[PDB]
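Comments concern the structure below.
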Amino acid sequence: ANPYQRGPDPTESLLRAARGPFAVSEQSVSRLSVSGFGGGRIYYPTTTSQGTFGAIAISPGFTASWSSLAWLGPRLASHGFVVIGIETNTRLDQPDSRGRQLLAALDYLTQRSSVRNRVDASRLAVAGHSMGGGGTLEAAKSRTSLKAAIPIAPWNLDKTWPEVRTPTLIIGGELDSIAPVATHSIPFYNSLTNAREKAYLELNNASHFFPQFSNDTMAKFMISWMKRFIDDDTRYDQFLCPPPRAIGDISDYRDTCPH
């Protein structure tokens with residue numbers, strides 16, 4: 001009935017496994033071959049028999065290469081998404097520049113890449129770590145048609161995001177000292193007055209570098225948010241609404257349930 005729904009009825013175990021149900025193929029994008037971003041790597045479900053998939057562009061943070069987040073490529077793609085993980089023009093690009101580069105990567109993916117036919121160009125998303133999370137907000141501010149945005153430990157001197165209409169899940173690290181949640185993540189969250197839906201997931205005792213290592217709870221909520229908003233997959237609302245208890249590895253969760 002939902003033409004964008006993919007994969008089996010979900011469970012906690014399906015979301016916490018190292019891979020989702022789709023085998024993943026990969027393609028490198030050379031810095032020599034694109035303008036507007038530094039190339040990167042595309043990850044996609046090998047299967048085309050179940051339909052096209054939505055896509056997400058993901059930016060690393062200041063000083064970092066895509067390799068700092070590479071585990072996300074196969075892990076997210078294996079749940080039924082095309083992922084373009086980017087290298088930035090330089091490692092020291094600021095959040096606003098990272099936002100423009102994420103949009104350039106989505107444009108390349110849908111308009112020129114060798115996997116464009118596998119991507120539903122109407123169902124796109126952005127995510128990123130630290131300054132790449134600040135760039136995720138910048139991209140959503142510029143392109144209100146994006147279906148999901150996931151700033152991860154985001155850093156941005158711009159604290160307000162009234163233009164953002166995209167469903168936005170901010171994932172903060174409670175003990176982050178580089179992009180403290182009290183001055184970055186939480187102000188950003190409170191400022192998303194026009195986001196169709198939003199959530200704030202705070203990881204208990206987590207530092208700024210939590211997304212550099214496979215993290216099942218982070219993956220569970222990122223995948224659930226991507227499914228619910230990129231694919232309109234209401235099956236994944238069971239993990240988002242009612243919000244999870246702030247216990248164990250979650251120190252805080254803020255929500256706009258119902259979706």
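Naming works like this for the structure tokens: A, B, ... for the chains as they're shown, residue 1 at the start of each chain, ligands 1 onward in shown order.
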
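For range 136-186 of chain A, a DSSP pass over the backbone yields strand (DSSP E) at residues 148, 149, 150, 151, 152, 168, 169, 170, 171, 172 and 173 of chain A.
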
Take the selection from the previous step and output its residues with N, CA, C and O atoms, as a short mmCIF file (atom, residue, chain, number, x, y, z; two decimals), in the first residue's frame.
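And here's result_27.cif as it stands now:
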data_model
loop_
_atom_site.label_atom_id
_atom_site.label_comp_id
_atom_site.auth_asym_id
_atom_site.auth_seq_id
_atom_site.Cartn_x
_atom_site.Cartn_y
_atom_site.Cartn_z
N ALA A 148 14.45 13.94 5.30
CA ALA A 148 14.99 13.69 6.66
C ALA A 148 16.34 14.38 6.81
O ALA A 148 17.04 14.59 5.83
N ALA A 149 16.64 14.75 8.06
CA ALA A 149 17.94 15.38 8.40
C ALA A 149 18.38 14.82 9.75
O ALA A 149 17.56 14.78 10.68
N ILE A 150 19.64 14.37 9.81
CA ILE A 150 20.17 13.77 11.08
C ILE A 150 21.51 14.40 11.43
O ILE A 150 22.56 13.85 11.08
N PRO A 151 21.51 15.58 12.12
CA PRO A 151 22.76 16.15 12.62
C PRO A 151 23.25 15.26 13.78
O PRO A 151 22.50 15.02 14.70
N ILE A 152 24.53 14.89 13.71
CA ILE A 152 25.13 13.96 14.71
C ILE A 152 26.24 14.73 15.46
O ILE A 152 27.20 15.17 14.81
N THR A 168 13.65 16.30 11.54
CA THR A 168 15.06 16.35 11.97
C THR A 168 15.27 15.64 13.30
O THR A 168 14.60 15.97 14.27
N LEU A 169 16.20 14.69 13.28
CA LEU A 169 16.60 13.95 14.50
C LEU A 169 18.02 14.41 14.81
O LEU A 169 18.91 14.18 14.00
N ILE A 170 18.19 15.08 15.95
CA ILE A 170 19.56 15.47 16.40
C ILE A 170 20.03 14.41 17.41
O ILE A 170 19.29 14.09 18.34
N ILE A 171 21.23 13.88 17.16
CA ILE A 171 21.80 12.87 18.10
C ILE A 171 22.98 13.54 18.80
O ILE A 171 23.96 13.84 18.13
N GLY A 172 22.84 13.78 20.10
CA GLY A 172 23.90 14.45 20.88
C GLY A 172 24.64 13.50 21.79
O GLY A 172 24.09 12.45 22.17
N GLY A 173 25.87 13.87 22.13
CA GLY A 173 26.65 13.10 23.13
C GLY A 173 26.60 13.86 24.44
O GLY A 173 27.01 15.02 24.47
#

Could you pull the residues within 9 Å of range 195-197 of chain A, counting only C-alpha atoms, minus those fewer than 4 positions along the same chain, as a VMD selection string?
-> chain A and resid 161 to 169 255 to 259

Those same residues, written as an mmCIF file, in the first residue's frame with C-alpha atoms?
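New file again-v1.cif:
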data_model
loop_
_atom_site.group_PDB
_atom_site.id
_atom_site.type_symbol
_atom_site.label_atom_id
_atom_site.label_comp_id
_atom_site.auth_asym_id
_atom_site.auth_seq_id
_atom_site.Cartn_x
_atom_site.Cartn_y
_atom_site.Cartn_z
ATOM 1 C CA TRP A 161 16.905 27.069 12.164
ATOM 2 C CA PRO A 162 13.367 28.497 11.562
ATOM 3 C CA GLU A 163 13.489 27.746 7.786
ATOM 4 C CA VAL A 164 13.872 23.983 8.356
ATOM 5 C CA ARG A 165 10.656 22.047 7.490
ATOM 6 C CA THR A 166 12.399 18.616 7.187
ATOM 7 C CA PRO A 167 11.841 15.998 9.940
ATOM 8 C CA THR A 168 15.058 16.354 11.967
ATOM 9 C CA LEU A 169 16.598 13.954 14.498
ATOM 10 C CA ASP A 255 9.972 14.237 20.807
ATOM 11 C CA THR A 256 7.031 15.682 18.870
ATOM 12 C CA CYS A 257 4.890 12.498 18.983
ATOM 13 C CA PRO A 258 2.434 11.721 17.412
ATOM 14 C CA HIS A 259 3.933 11.715 13.867
#

Hey, which bits of range 91-165 of chain A sit within 8 Å of range 226-243 of chain A, and for each residue what's the closest pair of atoms and how far apart in Å (one decimal), counting only C-alpha atoms, rows by chain and increasing number, as JSON lines?
{"residue": "A:123", "atom": "CA", "partner": "A:230", "partner_atom": "CA", "distance": 5.6}
{"residue": "A:124", "atom": "CA", "partner": "A:230", "partner_atom": "CA", "distance": 6.7}
{"residue": "A:125", "atom": "CA", "partner": "A:230", "partner_atom": "CA", "distance": 7.1}
{"residue": "A:147", "atom": "CA", "partner": "A:230", "partner_atom": "CA", "distance": 5.2}
{"residue": "A:148", "atom": "CA", "partner": "A:229", "partner_atom": "CA", "distance": 5.8}

Export of prior selection with N, CA and C atoms as a PDB file, in the first residue's frame:
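Below you can see part.pdb, which holds the result:
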ATOM      1  N   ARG A 123      13.058  11.561  -2.717  1.00  0.00           N
ATOM      2  CA  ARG A 123      13.134  11.096  -1.302  1.00  0.00           C
ATOM      3  C   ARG A 123      14.599  11.131  -0.870  1.00  0.00           C
ATOM      4  N   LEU A 124      15.037  12.325  -0.485  1.00  0.00           N
ATOM      5  CA  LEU A 124      16.473  12.539  -0.178  1.00  0.00           C
ATOM      6  C   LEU A 124      16.624  13.010   1.265  1.00  0.00           C
ATOM      7  N   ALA A 125      17.854  12.895   1.762  1.00  0.00           N
ATOM      8  CA  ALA A 125      18.100  13.229   3.178  1.00  0.00           C
ATOM      9  C   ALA A 125      19.558  13.633   3.344  1.00  0.00           C
ATOM     10  N   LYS A 147      13.584  15.030   2.888  1.00  0.00           N
ATOM     11  CA  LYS A 147      12.612  14.257   3.712  1.00  0.00           C
ATOM     12  C   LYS A 147      13.132  13.933   5.112  1.00  0.00           C
ATOM     13  N   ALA A 148      14.449  13.936   5.305  1.00  0.00           N
ATOM     14  CA  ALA A 148      14.986  13.692   6.660  1.00  0.00           C
ATOM     15  C   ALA A 148      16.344  14.384   6.812  1.00  0.00           C
TER      16      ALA A 148
END

If you measure from CA of residue 134 in chain A to CA of residue 191 in chain A, what distance in Å do you get, rounded to one decimal?
-> 13.5 Å

Extract, using only C-alpha atoms, all DNA, RNA and protein residues at most 9 Å from range 86-96 of chain A, discarding same-chain residues fewer than 5 positions from it, and format them as number ranges by chain.
-> A: 29, 31, 35-42, 57-67, 101-102, 105, 130-139, 155-157

Per DSSP on the backbone, what are the helix (DSSP H, G or I) residues of range 80-240 of chain A, as an mmCIF file with N, CA, C and O atoms, in the first residue's frame?
data_model
loop_
_atom_site.group_PDB
_atom_site.id
_atom_site.type_symbol
_atom_site.label_atom_id
_atom_site.label_comp_id
_atom_site.auth_asym_id
_atom_site.auth_seq_id
_atom_site.Cartn_x
_atom_site.Cartn_y
_atom_site.Cartn_z
ATOM 1 N N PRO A 95 30.725 24.827 8.500
ATOM 2 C CA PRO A 95 29.406 24.162 8.383
ATOM 3 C C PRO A 95 28.615 24.607 7.143
ATOM 4 O O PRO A 95 28.048 23.765 6.495
ATOM 5 N N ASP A 96 28.608 25.908 6.846
ATOM 6 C CA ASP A 96 27.795 26.408 5.703
ATOM 7 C C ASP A 96 28.320 25.769 4.416
ATOM 8 O O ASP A 96 27.496 25.303 3.611
ATOM 9 N N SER A 97 29.632 25.701 4.247
ATOM 10 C CA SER A 97 30.249 25.076 3.048
ATOM 11 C C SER A 97 29.873 23.581 2.993
ATOM 12 O O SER A 97 29.564 23.072 1.930
ATOM 13 N N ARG A 98 29.954 22.917 4.151
ATOM 14 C CA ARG A 98 29.601 21.468 4.194
ATOM 15 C C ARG A 98 28.142 21.283 3.736
ATOM 16 O O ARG A 98 27.853 20.283 3.068
ATOM 17 N N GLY A 99 27.257 22.204 4.122
ATOM 18 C CA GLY A 99 25.844 22.109 3.706
ATOM 19 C C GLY A 99 25.750 22.175 2.180
ATOM 20 O O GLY A 99 25.023 21.366 1.564
ATOM 21 N N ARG A 100 26.465 23.129 1.572
ATOM 22 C CA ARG A 100 26.424 23.245 0.088
ATOM 23 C C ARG A 100 26.989 21.963 -0.537
ATOM 24 O O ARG A 100 26.488 21.519 -1.571
ATOM 25 N N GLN A 101 28.029 21.393 0.079
ATOM 26 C CA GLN A 101 28.661 20.184 -0.500
ATOM 27 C C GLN A 101 27.729 18.964 -0.394
ATOM 28 O O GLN A 101 27.743 18.122 -1.289
ATOM 29 N N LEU A 102 26.980 18.870 0.704
ATOM 30 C CA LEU A 102 25.992 17.764 0.837
ATOM 31 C C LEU A 102 24.964 17.866 -0.306
ATOM 32 O O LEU A 102 24.615 16.850 -0.894
ATOM 33 N N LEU A 103 24.462 19.075 -0.557
ATOM 34 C CA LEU A 103 23.469 19.255 -1.652
ATOM 35 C C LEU A 103 24.127 18.958 -3.014
ATOM 36 O O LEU A 103 23.477 18.335 -3.868
ATOM 37 N N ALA A 104 25.387 19.382 -3.205
ATOM 38 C CA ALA A 104 26.079 19.054 -4.476
ATOM 39 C C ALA A 104 26.200 17.537 -4.647
ATOM 40 O O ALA A 104 26.096 17.038 -5.747
ATOM 41 N N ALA A 105 26.425 16.827 -3.548
ATOM 42 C CA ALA A 105 26.565 15.350 -3.610
ATOM 43 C C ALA A 105 25.206 14.711 -3.946
ATOM 44 O O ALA A 105 25.194 13.761 -4.750
ATOM 45 N N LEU A 106 24.124 15.214 -3.334
ATOM 46 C CA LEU A 106 22.783 14.669 -3.686
ATOM 47 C C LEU A 106 22.473 14.957 -5.161
ATOM 48 O O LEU A 106 21.927 14.075 -5.856
ATOM 49 N N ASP A 107 22.796 16.159 -5.626
ATOM 50 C CA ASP A 107 22.574 16.513 -7.055
ATOM 51 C C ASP A 107 23.369 15.578 -7.967
ATOM 52 O O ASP A 107 22.830 15.089 -8.946
ATOM 53 N N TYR A 108 24.638 15.350 -7.637
ATOM 54 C CA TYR A 108 25.473 14.454 -8.458
ATOM 55 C C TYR A 108 24.842 13.064 -8.443
ATOM 56 O O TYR A 108 24.731 12.401 -9.490
ATOM 57 N N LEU A 109 24.480 12.598 -7.256
ATOM 58 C CA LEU A 109 23.958 11.215 -7.139
ATOM 59 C C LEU A 109 22.739 11.031 -8.056
ATOM 60 O O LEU A 109 22.627 9.986 -8.707
ATOM 61 N N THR A 110 21.827 11.984 -8.017
ATOM 62 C CA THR A 110 20.542 11.836 -8.770
ATOM 63 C C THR A 110 20.650 12.254 -10.242
ATOM 64 O O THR A 110 19.860 11.744 -11.046
ATOM 65 N N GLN A 111 21.605 13.118 -10.574
ATOM 66 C CA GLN A 111 21.633 13.666 -11.945
ATOM 67 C C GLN A 111 22.689 12.992 -12.813
ATOM 68 O O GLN A 111 22.440 12.856 -14.027
ATOM 69 N N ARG A 116 22.244 6.534 -10.442
ATOM 70 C CA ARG A 116 21.090 7.463 -10.383
ATOM 71 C C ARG A 116 19.765 6.712 -10.597
ATOM 72 O O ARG A 116 18.776 7.089 -9.977
ATOM 73 N N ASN A 117 19.763 5.668 -11.432
ATOM 74 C CA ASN A 117 18.461 5.002 -11.732
ATOM 75 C C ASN A 117 17.952 4.216 -10.505
ATOM 76 O O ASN A 117 16.750 3.893 -10.452
ATOM 77 N N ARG A 118 18.841 3.892 -9.560
ATOM 78 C CA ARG A 118 18.411 3.166 -8.332
ATOM 79 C C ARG A 118 17.846 4.117 -7.276
ATOM 80 O O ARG A 118 17.280 3.617 -6.292
ATOM 81 N N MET A 131 30.892 19.551 12.485
ATOM 82 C CA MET A 131 30.619 20.595 11.462
ATOM 83 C C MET A 131 29.784 19.995 10.323
ATOM 84 O O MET A 131 29.049 20.753 9.695
ATOM 85 N N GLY A 132 29.922 18.687 10.043
ATOM 86 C CA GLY A 132 29.038 18.067 9.034
ATOM 87 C C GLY A 132 27.601 18.027 9.519
ATOM 88 O O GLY A 132 26.700 18.007 8.665
ATOM 89 N N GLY A 133 27.377 17.953 10.840
ATOM 90 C CA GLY A 133 26.011 18.048 11.397
ATOM 91 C C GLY A 133 25.516 19.488 11.293
ATOM 92 O O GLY A 133 24.324 19.711 11.026
ATOM 93 N N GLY A 134 26.403 20.463 11.506
ATOM 94 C CA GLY A 134 26.016 21.870 11.248
ATOM 95 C C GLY A 134 25.657 22.046 9.774
ATOM 96 O O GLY A 134 24.674 22.744 9.476
ATOM 97 N N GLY A 135 26.422 21.403 8.890
ATOM 98 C CA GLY A 135 26.129 21.451 7.438
ATOM 99 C C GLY A 135 24.817 20.754 7.096
ATOM 100 O O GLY A 135 24.167 21.117 6.139
ATOM 101 N N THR A 136 24.477 19.716 7.863
ATOM 102 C CA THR A 136 23.182 19.020 7.669
ATOM 103 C C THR A 136 22.036 20.022 7.873
ATOM 104 O O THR A 136 21.112 20.057 7.060
ATOM 105 N N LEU A 137 22.131 20.821 8.938
ATOM 106 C CA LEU A 137 21.093 21.868 9.189
ATOM 107 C C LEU A 137 21.117 22.901 8.048
ATOM 108 O O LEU A 137 20.055 23.322 7.588
ATOM 109 N N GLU A 138 22.307 23.310 7.628
ATOM 110 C CA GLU A 138 22.413 24.293 6.516
ATOM 111 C C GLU A 138 21.729 23.738 5.257
ATOM 112 O O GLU A 138 21.008 24.490 4.564
ATOM 113 N N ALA A 139 21.998 22.472 4.941
ATOM 114 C CA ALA A 139 21.369 21.867 3.745
ATOM 115 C C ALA A 139 19.845 21.861 3.891
ATOM 116 O O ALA A 139 19.149 22.214 2.940
ATOM 117 N N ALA A 140 19.333 21.437 5.040
ATOM 118 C CA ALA A 140 17.866 21.426 5.263
ATOM 119 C C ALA A 140 17.295 22.851 5.189
ATOM 120 O O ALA A 140 16.165 23.022 4.734
ATOM 121 N N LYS A 141 18.033 23.845 5.660
ATOM 122 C CA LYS A 141 17.544 25.244 5.576
ATOM 123 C C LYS A 141 17.425 25.647 4.098
ATOM 124 O O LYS A 141 16.491 26.394 3.774
ATOM 125 N N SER A 142 18.348 25.175 3.270
ATOM 126 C CA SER A 142 18.388 25.566 1.834
ATOM 127 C C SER A 142 17.418 24.756 0.984
ATOM 128 O O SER A 142 17.009 25.265 -0.066
ATOM 129 N N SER A 185 23.664 21.218 20.052
ATOM 130 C CA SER A 185 22.487 20.328 19.813
ATOM 131 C C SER A 185 21.172 20.870 20.362
ATOM 132 O O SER A 185 20.184 20.912 19.617
ATOM 133 N N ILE A 186 21.128 21.189 21.666
ATOM 134 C CA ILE A 186 19.817 21.528 22.298
ATOM 135 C C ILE A 186 19.295 22.856 21.764
ATOM 136 O O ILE A 186 18.116 22.919 21.389
ATOM 137 N N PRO A 187 20.087 23.952 21.714
ATOM 138 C CA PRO A 187 19.595 25.165 21.057
ATOM 139 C C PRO A 187 19.092 24.901 19.627
ATOM 140 O O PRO A 187 18.052 25.411 19.262
ATOM 141 N N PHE A 188 19.831 24.116 18.857
ATOM 142 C CA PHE A 188 19.350 23.815 17.484
ATOM 143 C C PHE A 188 17.963 23.171 17.553
ATOM 144 O O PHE A 188 17.045 23.579 16.844
ATOM 145 N N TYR A 189 17.832 22.180 18.432
ATOM 146 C CA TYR A 189 16.555 21.448 18.552
ATOM 147 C C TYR A 189 15.411 22.403 18.912
ATOM 148 O O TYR A 189 14.343 22.339 18.306
ATOM 149 N N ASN A 190 15.650 23.251 19.913
ATOM 150 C CA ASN A 190 14.568 24.157 20.381
ATOM 151 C C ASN A 190 14.213 25.145 19.264
ATOM 152 O O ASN A 190 13.080 25.621 19.236
ATOM 153 N N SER A 191 15.157 25.427 18.370
ATOM 154 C CA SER A 191 14.913 26.466 17.329
ATOM 155 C C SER A 191 14.158 25.895 16.111
ATOM 156 O O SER A 191 13.839 26.681 15.228
ATOM 157 N N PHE A 210 31.572 9.579 19.621
ATOM 158 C CA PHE A 210 30.718 8.375 19.570
ATOM 159 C C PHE A 210 30.429 7.902 18.137
ATOM 160 O O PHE A 210 30.371 6.689 17.919
ATOM 161 N N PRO A 211 30.197 8.765 17.104
ATOM 162 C CA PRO A 211 29.775 8.210 15.801
ATOM 163 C C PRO A 211 30.944 7.667 14.981
ATOM 164 O O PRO A 211 30.709 7.202 13.904
ATOM 165 N N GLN A 212 32.164 7.683 15.524
ATOM 166 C CA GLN A 212 33.364 7.158 14.804
ATOM 167 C C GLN A 212 33.461 5.638 14.977
ATOM 168 O O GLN A 212 34.397 5.055 14.446
ATOM 169 N N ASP A 216 25.126 0.681 18.155
ATOM 170 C CA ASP A 216 23.824 0.083 17.802
ATOM 171 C C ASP A 216 22.648 1.008 18.120
ATOM 172 O O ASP A 216 21.674 1.004 17.370
ATOM 173 N N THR A 217 22.706 1.681 19.270
ATOM 174 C CA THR A 217 21.573 2.556 19.643
ATOM 175 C C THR A 217 21.516 3.753 18.677
ATOM 176 O O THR A 217 20.421 4.088 18.196
ATOM 177 N N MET A 218 22.671 4.341 18.369
ATOM 178 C CA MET A 218 22.674 5.432 17.366
ATOM 179 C C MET A 218 22.096 4.905 16.043
ATOM 180 O O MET A 218 21.235 5.578 15.457
ATOM 181 N N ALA A 219 22.571 3.745 15.602
ATOM 182 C CA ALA A 219 22.110 3.203 14.296
ATOM 183 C C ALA A 219 20.605 2.947 14.358
ATOM 184 O O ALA A 219 19.908 3.252 13.412
ATOM 185 N N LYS A 220 20.127 2.357 15.445
ATOM 186 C CA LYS A 220 18.685 2.022 15.552
ATOM 187 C C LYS A 220 17.841 3.279 15.297
ATOM 188 O O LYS A 220 16.861 3.202 14.541
ATOM 189 N N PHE A 221 18.207 4.373 15.968
ATOM 190 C CA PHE A 221 17.336 5.570 15.836
ATOM 191 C C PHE A 221 17.549 6.252 14.479
ATOM 192 O O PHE A 221 16.581 6.762 13.929
ATOM 193 N N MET A 222 18.783 6.272 13.991
ATOM 194 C CA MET A 222 19.008 6.866 12.659
ATOM 195 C C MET A 222 18.201 6.077 11.618
ATOM 196 O O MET A 222 17.510 6.694 10.802
ATOM 197 N N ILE A 223 18.299 4.747 11.639
ATOM 198 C CA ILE A 223 17.579 3.900 10.638
ATOM 199 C C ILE A 223 16.076 4.108 10.804
ATOM 200 O O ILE A 223 15.379 4.244 9.811
ATOM 201 N N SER A 224 15.585 4.128 12.050
ATOM 202 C CA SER A 224 14.127 4.289 12.273
ATOM 203 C C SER A 224 13.654 5.639 11.713
ATOM 204 O O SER A 224 12.579 5.711 11.128
ATOM 205 N N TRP A 225 14.439 6.690 11.984
ATOM 206 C CA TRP A 225 14.046 8.045 11.505
ATOM 207 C C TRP A 225 14.069 8.062 9.965
ATOM 208 O O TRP A 225 13.139 8.598 9.336
ATOM 209 N N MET A 226 15.125 7.516 9.388
ATOM 210 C CA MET A 226 15.236 7.455 7.913
ATOM 211 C C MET A 226 14.050 6.668 7.333
ATOM 212 O O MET A 226 13.453 7.104 6.360
ATOM 213 N N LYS A 227 13.748 5.496 7.892
ATOM 214 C CA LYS A 227 12.598 4.708 7.383
ATOM 215 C C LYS A 227 11.309 5.517 7.510
ATOM 216 O O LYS A 227 10.508 5.576 6.556
ATOM 217 N N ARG A 228 11.089 6.085 8.690
ATOM 218 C CA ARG A 228 9.776 6.744 8.916
ATOM 219 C C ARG A 228 9.595 7.931 7.968
ATOM 220 O O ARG A 228 8.488 8.134 7.470
ATOM 221 N N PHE A 229 10.665 8.705 7.742
ATOM 222 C CA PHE A 229 10.483 9.984 6.994
ATOM 223 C C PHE A 229 10.960 9.930 5.545
ATOM 224 O O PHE A 229 10.308 10.558 4.734
ATOM 225 N N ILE A 230 12.040 9.208 5.244
ATOM 226 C CA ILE A 230 12.435 9.057 3.815
ATOM 227 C C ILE A 230 11.409 8.144 3.121
ATOM 228 O O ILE A 230 11.014 8.436 1.978
ATOM 229 N N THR A 234 5.562 3.910 8.288
ATOM 230 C CA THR A 234 4.950 4.042 9.634
ATOM 231 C C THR A 234 5.236 2.812 10.497
ATOM 232 O O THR A 234 5.049 2.913 11.721
ATOM 233 N N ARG A 235 5.680 1.696 9.907
ATOM 234 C CA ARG A 235 6.047 0.551 10.793
ATOM 235 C C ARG A 235 7.137 0.972 11.781
ATOM 236 O O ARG A 235 7.210 0.391 12.872
ATOM 237 N N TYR A 236 8.011 1.910 11.389
ATOM 238 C CA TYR A 236 9.159 2.271 12.259
ATOM 239 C C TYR A 236 8.738 3.309 13.305
ATOM 240 O O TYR A 236 9.555 3.584 14.189
ATOM 241 N N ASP A 237 7.495 3.795 13.274
ATOM 242 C CA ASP A 237 7.075 4.728 14.358
ATOM 243 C C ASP A 237 7.066 4.022 15.714
ATOM 244 O O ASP A 237 7.133 4.705 16.706
ATOM 245 N N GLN A 238 6.972 2.694 15.714
ATOM 246 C CA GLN A 238 6.916 1.976 17.012
ATOM 247 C C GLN A 238 8.197 2.223 17.820
ATOM 248 O O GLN A 238 8.148 2.084 19.050
ATOM 249 N N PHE A 239 9.299 2.573 17.157
ATOM 250 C CA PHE A 239 10.570 2.820 17.889
ATOM 251 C C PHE A 239 10.726 4.292 18.274
ATOM 252 O O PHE A 239 11.611 4.605 19.063
#

Determine, counting only C-alpha atoms, which protein, DNA and RNA residues have an atom within 8 Å of an atom of residue 254 in chain A; residues of the same chain fewer than 6 positions away are not included. Present the result as a PyMOL selection string.
-> chain A and resi 199-201+243

Near range 203-205 of chain A, within 6 Å and counting only C-alpha atoms, which residues show up once chain neighbours fewer than 6 positions away are dropped, as JSON, numbers by chain?
-> {"A": [173, 174, 175, 249, 250, 251]}

With a distance cut-off of 12 Å and only C-alpha atoms, select the neighbouring residues of residue 27 in chain A, excluding the residue or stretch itself and same-chain residues fewer than 5 positions from it, and output the selection as a ChimeraX atom specification.
-> /A:39-46,73-74,82-85,109,113-115
